[PDB]
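J.: Handing you this structure, nothing more for now.
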Amino acid sequence: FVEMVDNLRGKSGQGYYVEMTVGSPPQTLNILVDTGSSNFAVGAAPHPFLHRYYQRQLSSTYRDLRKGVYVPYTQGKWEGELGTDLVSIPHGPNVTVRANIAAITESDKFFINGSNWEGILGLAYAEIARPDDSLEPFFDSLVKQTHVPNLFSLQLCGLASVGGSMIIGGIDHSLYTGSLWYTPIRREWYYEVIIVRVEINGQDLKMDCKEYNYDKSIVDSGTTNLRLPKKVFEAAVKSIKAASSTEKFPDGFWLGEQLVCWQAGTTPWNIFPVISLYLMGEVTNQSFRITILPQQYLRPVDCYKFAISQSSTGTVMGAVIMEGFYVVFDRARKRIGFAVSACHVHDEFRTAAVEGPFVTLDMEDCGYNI
Ligand SMILES: NC1=N[C@@]2(CO1)c1cc(-c3cccnc3F)ccc1Oc1c(F)cc(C3=CCOCC3)cc12
């Protein structure tokens, strides 16, 4: 899938985007790739932050659905007008599909000042689409209307410019080393998974594993940080604090309230512990683990921010997790694959890892239910 490699760009902390076209003749837009939502929505008015926007008046293939959509989320809001049009991905499969497009006509804290994207591609499932699950997500339309296989994979490589690959309809083996290990998609809404054990430098946090997935754990390309439920974050910080105690930092730093700095080239990587998440495996009583480095959870702003934070919406495996791995969203088999990314950032002492099998009992009890 050579044509799709390196089809993602971005700025640190502002997400990864892919070039798309909408309408006839095609209008080119850069679109944020978001596995944590399910709408395709694009700027359609001259907001001052935008390089460009969708001009429905210029598209002969535009169809109005004559319905509005209103989308508040935890950190912002957009609203718009529903329609369909022809959509393609220039550095994707050689196909063109008729997709739902929300033309964004009002927004708050959605667009980012200085960013180079103009819309959002929600790759999650219809259950969390707005206004409801009748609005078919883009990927659902793509698979229904073409022979593109029902899967995609992401290699996120990490203002400094970031890069990556979105392989639509397949897997590119040059993007990872070792084997893929798969964890089940628990339910098709978000890309929900189940974490069955957590270790900091190989030391089990020893919490009831339900806490790790309260109220859910998801794989989310549209979140920068690793977000952990409050109780788990407390416990994880406590352990990370202890493991790194040879150098002392202010309390606010652990809350993301301030940075920490060292002289260029002397960041003490080795004093910071690795973080391991064991995920439910494909087989009964079988798990595997993924392990990330401080290179993943200490974000450049040599100064750095702590990129793990507390959550009230469950665990979010954001860019901090994903930049460690090649991640396969195997929708066809209701599973997510992880393999060590060929592009992840590390040092000569430690590298991100995907390892298994491990023996883990009562993994079904780790899932949260109402
Ligand atoms: N993953 C996720 N995507 C969000 C929030 O988190 C998001 C992230 C970004 C962003 C910002 C910075 C860096 N990287 C990003 F992806 C930008 C804009 C943005 O917009 C929306 C949005 F409009 C709706 C929703 C939802 C709609 C319906 O229910 C599910 C949530 C989520 C998001």
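In the structure tokens, the first chain shown is A, the next is B, and so on; residue numbers restart at 1 for each chain, and ligands run from 1 in the order shown.
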Can you check which parts of segment 268-367 of chain A lie within 7 Å of segment 246-259 of chain A? Per residue, the shortest pair of atoms and distance in Å to one decimal, counting only C-alpha atoms, sorted by chain and number, as a tab-separated table.
T.:
residue	atom	partner	partner_atom	distance
A:303	CA	A:259	CA	6.5
A:304	CA	A:259	CA	5.5
A:305	CA	A:259	CA	5.0
A:306	CA	A:256	CA	5.6
A:309	CA	A:255	CA	6.8
J.: Report as a PyMOL selection string all protein, DNA and RNA residues lying within 12 Å of residue 285 of chain A, evaluated on only C-alpha atoms, omitting residues in the same chain fewer than 6 positions from it.
T.: chain A and resi 196+279+357-365
J.: What does the file look like for those residues with N, CA, C and O atoms, as a JSON list (two decimals), in the first residue's frame?
T.:
[["chain", "number", "residue", "atom", "x", "y", "z"],
["A", 196, "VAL", "N", -6.65, -5.47, 31.24],
["A", 196, "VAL", "CA", -6.78, -6.49, 32.28],
["A", 196, "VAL", "C", -5.70, -6.41, 33.36],
["A", 196, "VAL", "O", -5.83, -7.04, 34.40],
["A", 279, "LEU", "N", -3.77, -6.25, 27.65],
["A", 279, "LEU", "CA", -5.07, -6.20, 27.01],
["A", 279, "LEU", "C", -5.63, -7.61, 26.92],
["A", 279, "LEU", "O", -4.87, -8.58, 26.78],
["A", 357, "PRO", "N", 2.19, -14.81, 24.76],
["A", 357, "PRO", "CA", 0.94, -14.71, 25.50],
["A", 357, "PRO", "C", 1.19, -14.70, 27.00],
["A", 357, "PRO", "O", 2.24, -15.16, 27.47],
["A", 358, "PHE", "N", 0.27, -14.12, 27.76],
["A", 358, "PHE", "CA", 0.30, -14.23, 29.21],
["A", 358, "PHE", "C", -0.97, -14.91, 29.70],
["A", 358, "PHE", "O", -1.98, -14.91, 29.01],
["A", 359, "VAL", "N", -0.90, -15.47, 30.90],
["A", 359, "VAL", "CA", -2.03, -16.13, 31.52],
["A", 359, "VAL", "C", -2.74, -15.15, 32.44],
["A", 359, "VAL", "O", -2.16, -14.73, 33.44],
["A", 360, "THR", "N", -3.97, -14.80, 32.11],
["A", 360, "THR", "CA", -4.74, -13.84, 32.92],
["A", 360, "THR", "C", -6.16, -14.38, 33.07],
["A", 360, "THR", "O", -6.85, -14.58, 32.09],
["A", 361, "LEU", "N", -6.57, -14.62, 34.31],
["A", 361, "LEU", "CA", -7.90, -15.16, 34.59],
["A", 361, "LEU", "C", -8.91, -14.05, 34.86],
["A", 361, "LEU", "O", -8.53, -12.95, 35.21],
["A", 362, "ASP", "N", -10.20, -14.39, 34.72],
["A", 362, "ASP", "CA", -11.32, -13.49, 35.03],
["A", 362, "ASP", "C", -11.29, -12.17, 34.23],
["A", 362, "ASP", "O", -11.68, -11.12, 34.75],
["A", 363, "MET", "N", -10.85, -12.23, 32.98],
["A", 363, "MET", "CA", -10.73, -11.01, 32.17],
["A", 363, "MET", "C", -12.08, -10.39, 31.82],
["A", 363, "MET", "O", -12.16, -9.18, 31.63],
["A", 364, "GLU", "N", -13.13, -11.21, 31.77],
["A", 364, "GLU", "CA", -14.48, -10.71, 31.48],
["A", 364, "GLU", "C", -14.99, -9.84, 32.63],
["A", 364, "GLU", "O", -15.84, -8.98, 32.42],
["A", 365, "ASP", "N", -14.47, -10.05, 33.84],
["A", 365, "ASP", "CA", -14.84, -9.24, 34.99],
["A", 365, "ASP", "C", -14.21, -7.85, 34.95],
["A", 365, "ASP", "O", -14.60, -6.98, 35.71]]
J.: Near residue 346 of chain A, counting only C-alpha atoms, which residues have an atom at most 10 Å away, once you skip same-chain residues fewer than 5 positions from it, shown as a PyMOL selection string?
T.: chain A and resi 269+292-296+324+351-352
J.: For the residues in that selection, give me C-alpha atoms as an mmCIF file, in the first residue's frame.
T.:
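Written file, out.cif:
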data_model
loop_
_atom_site.group_PDB
_atom_site.id
_atom_site.type_symbol
_atom_site.label_atom_id
_atom_site.label_comp_id
_atom_site.auth_asym_id
_atom_site.auth_seq_id
_atom_site.Cartn_x
_atom_site.Cartn_y
_atom_site.Cartn_z
ATOM 1 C CA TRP A 269 15.088 9.079 30.140
ATOM 2 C CA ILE A 292 5.452 2.505 26.196
ATOM 3 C CA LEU A 293 8.397 4.674 27.172
ATOM 4 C CA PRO A 294 8.739 8.132 28.738
ATOM 5 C CA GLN A 295 9.544 9.223 25.169
ATOM 6 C CA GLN A 296 5.839 8.571 24.588
ATOM 7 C CA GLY A 324 4.309 3.464 20.149
ATOM 8 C CA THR A 351 12.025 0.245 23.121
ATOM 9 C CA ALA A 352 8.235 0.052 23.078
#
J.: Figure out the distance between atom CA of residue 58 of chain A and atom CA of residue 41 of chain A, please, to one decimal in Å.
T.: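 Separating atom CA of residue 41 of chain A from atom CA of residue 58 of chain A is a distance of 17.6 Å.
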J.: Restricting the calculation to only C-alpha atoms, which member of A:320, A:171, A:33, A:160 is positioned closest to residue 301 of chain A?
T.: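 Smallest separation from residue 301 of chain A among the options: A:160.
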J.: Compile the contact shell of residue 337 of chain A as a PyMOL selection string: residues with an atom at most 7 Å away, counting only C-alpha atoms, same-chain residues fewer than 2 positions apart removed.
T.: chain A and resi 180-183+327-329+335+339
J.: Would you output that residue set with N, CA, C and O atoms, as a JSON list (two decimals), in the first residue's frame?
T.:
[["chain", "number", "residue", "atom", "x", "y", "z"],
["A", 180, "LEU", "N", 1.69, -8.84, 15.16],
["A", 180, "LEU", "CA", 0.48, -8.17, 15.64],
["A", 180, "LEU", "C", -0.08, -9.07, 16.73],
["A", 180, "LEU", "O", 0.00, -10.30, 16.63],
["A", 181, "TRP", "N", -0.63, -8.45, 17.77],
["A", 181, "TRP", "CA", -1.41, -9.10, 18.82],
["A", 181, "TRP", "C", -2.74, -8.40, 18.84],
["A", 181, "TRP", "O", -2.80, -7.16, 18.83],
["A", 182, "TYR", "N", -3.81, -9.18, 18.89],
["A", 182, "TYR", "CA", -5.17, -8.65, 18.79],
["A", 182, "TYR", "C", -5.95, -8.70, 20.10],
["A", 182, "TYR", "O", -5.92, -9.70, 20.84],
["A", 183, "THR", "N", -6.70, -7.63, 20.36],
["A", 183, "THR", "CA", -7.61, -7.55, 21.48],
["A", 183, "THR", "C", -9.03, -7.33, 20.92],
["A", 183, "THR", "O", -9.18, -6.64, 19.91],
["A", 327, "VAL", "N", -1.31, 0.26, 14.73],
["A", 327, "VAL", "CA", -2.59, -0.13, 15.28],
["A", 327, "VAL", "C", -3.56, -0.46, 14.14],
["A", 327, "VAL", "O", -3.83, 0.37, 13.25],
["A", 328, "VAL", "N", -4.04, -1.70, 14.17],
["A", 328, "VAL", "CA", -4.91, -2.25, 13.15],
["A", 328, "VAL", "C", -6.35, -2.31, 13.65],
["A", 328, "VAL", "O", -6.68, -3.03, 14.60],
["A", 329, "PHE", "N", -7.21, -1.53, 13.00],
["A", 329, "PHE", "CA", -8.62, -1.46, 13.35],
["A", 329, "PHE", "C", -9.35, -2.47, 12.46],
["A", 329, "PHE", "O", -9.85, -2.16, 11.38],
["A", 335, "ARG", "N", -11.82, -6.69, 16.11],
["A", 335, "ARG", "CA", -10.62, -6.73, 16.93],
["A", 335, "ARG", "C", -9.67, -5.60, 16.57],
["A", 335, "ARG", "O", -9.75, -5.04, 15.48],
["A", 339, "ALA", "N", 1.14, -3.81, 17.10],
["A", 339, "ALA", "CA", 2.51, -4.26, 16.85],
["A", 339, "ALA", "C", 3.47, -3.10, 17.07],
["A", 339, "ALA", "O", 3.08, -1.93, 16.99]]
J.: Tell me which of A:15, A:68, A:137, A:119 sits closest to ligand 1, counting only C-alpha atoms and all ligand atoms.
T.: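 The shortest atom-to-atom distance to ligand 1 comes from A:15.
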J.: Set out as a Markdown table a contact list for segment 249-311 of chain A and segment 199-218 of chain A with a cut-off of 7 Å, giving each residue of segment 249-311 of chain A that qualifies its closest atom pair and distance in Å to one decimal, counting only C-alpha atoms, ordered by chain and rising residue number.
T.:
| residue | atom | partner | partner_atom | distance |
| --- | --- | --- | --- | --- |
| A:273 | CA | A:201 | CA | 5.1 |
| A:274 | CA | A:201 | CA | 5.1 |
| A:275 | CA | A:200 | CA | 4.8 |
| A:276 | CA | A:199 | CA | 5.0 |
| A:277 | CA | A:199 | CA | 6.7 |
J.: Please save C-alpha atoms of the selected residues as a tab-separated table (two decimals), in the first residue's frame.
T.:
chain	number	residue	atom	x	y	z
A	273	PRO	CA	9.53	4.04	34.21
A	274	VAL	CA	7.88	2.17	31.35
A	275	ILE	CA	4.11	1.73	31.44
A	276	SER	CA	2.53	-1.59	30.46
A	277	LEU	CA	-1.10	-2.22	29.65
